[PDB]
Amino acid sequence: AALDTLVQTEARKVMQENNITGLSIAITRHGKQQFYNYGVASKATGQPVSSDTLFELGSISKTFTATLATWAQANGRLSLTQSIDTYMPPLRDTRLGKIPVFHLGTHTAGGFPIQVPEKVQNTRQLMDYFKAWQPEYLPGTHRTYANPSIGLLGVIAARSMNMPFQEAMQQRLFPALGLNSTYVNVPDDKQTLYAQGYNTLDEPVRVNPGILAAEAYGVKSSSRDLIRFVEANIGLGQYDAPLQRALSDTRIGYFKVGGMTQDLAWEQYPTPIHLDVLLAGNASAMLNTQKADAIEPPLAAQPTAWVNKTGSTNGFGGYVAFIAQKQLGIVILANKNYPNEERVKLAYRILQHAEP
């Protein structure tokens, strides 16, 4: 009741300050899940937000892409230490092709723009772009957040599984994890649950098709599913060895970037966890190219670390944070792209008081 009164106060304050129409929060504490829903999914329908409302995940999608890769790896189909041209023939004898696959999940392969160039409008043109790519820095010396490199990780993983990326996600990975309402492509009868996004002028919008969109920012999910994905990463679920390893392997620490440790798509912060450090590592300035220091050997999954990922599209803003050792996790999903800093503060405030 106290925790429920706190969540409601913090939730309402952030919605007031950032003009959020709908908000869905889920928390898990030692397997116990609780759900907090506010506002509406659409101003037009007036439908209330619930734990089964679908939101656009934006870059939280990348954590599923990365889990696809390590699952491939845990089934003998993809060793992430191998060069890109081991598992992507069209990049044989290229600069990118020589670089190990893991740099695509860690954002350290050599410099990319955050979006796939507008001149790329089909798969042939995407291949030619990767063929014509030249690095600005050596692999692992700097970190540059980017959909091109992440999206290529997804392509590689699905090619190792002999199927299209959407099929690898929707017919293999998501059901294997027990995610029954998580989608790249939302089918017709689920269309009724898909929240409306609201943009910078508070106008309705949903994310569009784009090259590598599926692979980098195109997953839609409910808070009920996403907190299940958080629980899998905490170490609940009792999946079979390869999937359990896949989950754990995404949270290996490969690089130090200022105060943050860079994993496979996940980012994390070791103890003592302070808000100031979380706010710094989640700021918009972190998208710029940063100096990075390799961790060799890479750090095993750290139970005590705060693991997180921000996710955004033009209409949506999401945030996932969890600590495996305290079996403490949170998902915050909104139909507004509001400041990352408010998302982090909201999570920090709730998890501070969730744990006795």
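Note that residue numbering follows the sequence shown and begins at 1.
Between 113-121 and 260-268, which has the larger average Cα B-factor in the PDB entry?
Taking the mean B-factor of the alpha carbons in each, 113-121 is higher.
Comparing average C-alpha B factors as deposited, tell me which of 93-101 and 194-202 sits higher.
The stretch with the larger average C-alpha B-factor is 93-101.
Which is it among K131, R143, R228, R245: the one with the largest CA B-factor in the entry?
Answer, based on the entry's C-alpha B-factors: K131.
Pick out which of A280, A232, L153, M127 has the highest C-alpha B-factor in the PDB entry.
Of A280, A232, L153, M127, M127 has the highest C-alpha B-factor.
Relative to the other modelled residues in the chain, which third contains the C-alpha temperature factor of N75: lowest, middle or highest?
Middle third, going by the recorded CA B-factors of the chain.
Taking the values exactly as deposited, rank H107 by C-alpha B-factor within its chain and report the matching third: lowest, middle or highest.
It falls in the bottom third of the chain.
If you rank the chain by CA B-factor, which third does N208 end up in: lowest, middle or highest?
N208: CA B-factor falls in the highest third of its chain.
Report the third (lowest, middle or highest) to which the CA temperature factor of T313 belongs, ranking only the modelled residues of the same chain.
For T313, whose C-alpha B-factor we compare with every modelled residue in the chain, the answer is the lowest third.
According to the PDB entry, is the CA B factor of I323 in the bottom, middle or top third of its chain, that is, lowest, middle or highest?
As the PDB entry reports it, the C-alpha B-factor of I323 lands in the lowest third of its chain.
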